[PDB]
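Here we start with a single chain on its own, the form deposited in one PDB entry, put down as structure tokens.
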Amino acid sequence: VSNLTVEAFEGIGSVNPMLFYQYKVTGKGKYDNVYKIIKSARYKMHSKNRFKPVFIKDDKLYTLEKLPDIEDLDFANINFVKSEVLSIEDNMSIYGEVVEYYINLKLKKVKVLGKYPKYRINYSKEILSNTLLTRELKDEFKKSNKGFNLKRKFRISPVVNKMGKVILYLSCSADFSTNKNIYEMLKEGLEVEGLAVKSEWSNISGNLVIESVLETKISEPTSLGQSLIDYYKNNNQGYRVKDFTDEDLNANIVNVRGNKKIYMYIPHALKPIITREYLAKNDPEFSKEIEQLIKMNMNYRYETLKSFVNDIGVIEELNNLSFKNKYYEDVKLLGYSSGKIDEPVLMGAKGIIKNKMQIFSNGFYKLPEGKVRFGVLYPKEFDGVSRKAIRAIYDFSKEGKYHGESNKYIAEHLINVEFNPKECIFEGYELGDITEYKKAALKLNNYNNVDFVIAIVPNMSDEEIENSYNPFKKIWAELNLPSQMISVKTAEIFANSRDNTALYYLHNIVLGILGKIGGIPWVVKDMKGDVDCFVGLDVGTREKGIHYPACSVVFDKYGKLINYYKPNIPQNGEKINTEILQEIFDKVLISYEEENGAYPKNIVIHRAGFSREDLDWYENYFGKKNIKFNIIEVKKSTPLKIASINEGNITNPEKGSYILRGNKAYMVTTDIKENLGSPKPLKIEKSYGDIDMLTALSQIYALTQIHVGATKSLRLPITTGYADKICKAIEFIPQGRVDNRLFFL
């Protein structure tokens, strides 16, 4: 079989207990809180003493060599107290920061091509390398003609065991940067209006965009009364303007939007934000050619981290601590337990489907009762393309025909739709205003013979004349009319169809049309464990100060959506108030009581993120009702990657592969072939419950594969996944009584 591993390198040899110099910090300012200044005190000590190692215990600053007591700082009076040898088993974190400091110090003295510094060391977790190991295993600078510099971005995190053995955890991202700021582009004369930029001089986190390029020079006094050069000279940064030339004073002032008022900045201060979109606007060949360099399968990540670990080498000051340059052959050496979860079985109209593609041959599982009449909006300039699009949709759905002819892939009468073009309507809408899109949706409500909408929207791209998806879905949510939107590009795929490329777009459109009219295309036959309903809690945050309301979804043990609950009030962050948990879980027990006749014996709560709520509330609320419950924290954003080993040959793992240690599990849900990247596994952890962790993993992986809006499964379980989809389609929630019509899908 295939083993599973993590991006982990063993440390050859051990570190030893060695002498530190423990210091202390007191709050010299008007405050007295040393925890409010502890990290800033460490950083000012570190930078003010030629980058020498300083470490942080709760108030204690440890330091590897005897360094003088710094009273110079205005906020921290660092003073020597005692010198001691810290033991290993009490001080895992301090030895971890020791090892990562010495790895940073060892990597600072490694160069490529004899003159060029290979790494960019800040003595931290993250390590920017200036060169990249390419696909052909050669260290090479990835720069563009326009100077877009690609940089590999490493992330060490060594973990020291109590016996002194160290285990180097790694990852590698990519960094988009450039040596060319705005000033060389203005000397080149490039159009930089409306351009997203950042300042390397201020650490303010705020999205900066250029308004214009004022021909006013920087030596000329601005509307602030003085010039900008003297503005930075007065503000304790005259060293930045000291290295200027007389050519540099001819720089035109570029103004910038700063989300409250326009800031007046010199163009030397500002670097453009380097995204994928910016490369697509500037250097498309570079943006296409690094796509095999940033989306990295596990073999290429292993080769990148192998070159990294070989560039670390032996550290001569930790009892000759060196690292192995290969992964663990099995993660049972880490406490993790490998394994592959059994794939779900899915039921159709005929029985077991082998793919999600076969649901269109075998037939849908649960058609909604009745008959659903279409009604199509389309932009007026795309009438024949839209006609061919709806023709292909209706011939797929009702007549079972693809390219007009009856096909073996598609069974006849998949959904009970009636779209007679002699009877039914093609209301066309002019592209233009948003209020005209809303009135177009009202005019398609104005006739009573429309029960579902296949409205054609303009593209998500093409940032001119306004997109109609958002006004359409707003008005159809206000009127409780379900609707599957299609962009003009997919309508062009349907009208210009010659191969089977449009067929897959028709598969996912028909699954959307089915799920939005309350149909269910497949269900699982059984689900592992003693569960009666799933609850998927998630609290999202769109912007700063805006939190998505705590959208819950309620499933049965067979995965089909019982209910969703959206509280009308927003809340204070990722903590759900206990009145909101009262609303949510009363709605859970009410809906399971209605659809099943009794309370659930077991509830499994899939909280997306951290379940920071009162477990005392849960124990009270479900011990009052004799309900066993479980809380699982399913977490997406994790830099850990699970690689799969076939005798040293690193590869992506199959879906349903997990690693398991205690109450934390990392599980792969997506099958990604190489040259498409690497699967980002889910961080799954139990905050309370009686279930073993493998049962919650089987439930979560079965809840990924029963996503009913695509023919390929979701990365998330659809508890947290559909909670995220409701959080995205939160202004699209339909008005009428909450039911099994998955509007968001």
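The term rigid core refers to the maximal set of C-alpha atoms that superpose within 1.5 Å between the two forms. All residue numbers are counted from 1 along the displayed sequence.
There is also a form deposited in another entry; it is not shown, and the following applies to it.
Just one of 715, 712, 683, 28 has a CA that shifts 2 Å or more between the shown form and the other one on a core fit; which is it?
The only residue crossing the 2 Å threshold is 28.
Aligning on the core only, does the CA of residue 343 end up 2 angstroms or more away between the shown form and the other one?
It does not, since the residue 343 C-alpha is displaced less than 2 Å between the shown form and the other one after the core fit.
Has the Cα of residue 294 moved 2 Å or more between the shown form and the other one, judged after a core fit?
The answer is no, as the C-alpha of residue 294 shifts between the shown form and the other one by less than 2 Å after core alignment.
Answer yes if the Cα of residue 512 shifts by 2 angstroms or more between the shown form and the other one on a rigid-core superposition, and no otherwise.
No, residue 512 moves less than 2 Å.
Have a look at residue 735 and residue 511: in the other form, are their Cα atoms closer together or farther apart than in this form, given the change is 3 Å or more?
Farther is correct, given that in the other form the C-alpha spacing of residue 735 to residue 511 is increased by at least 3 Å.
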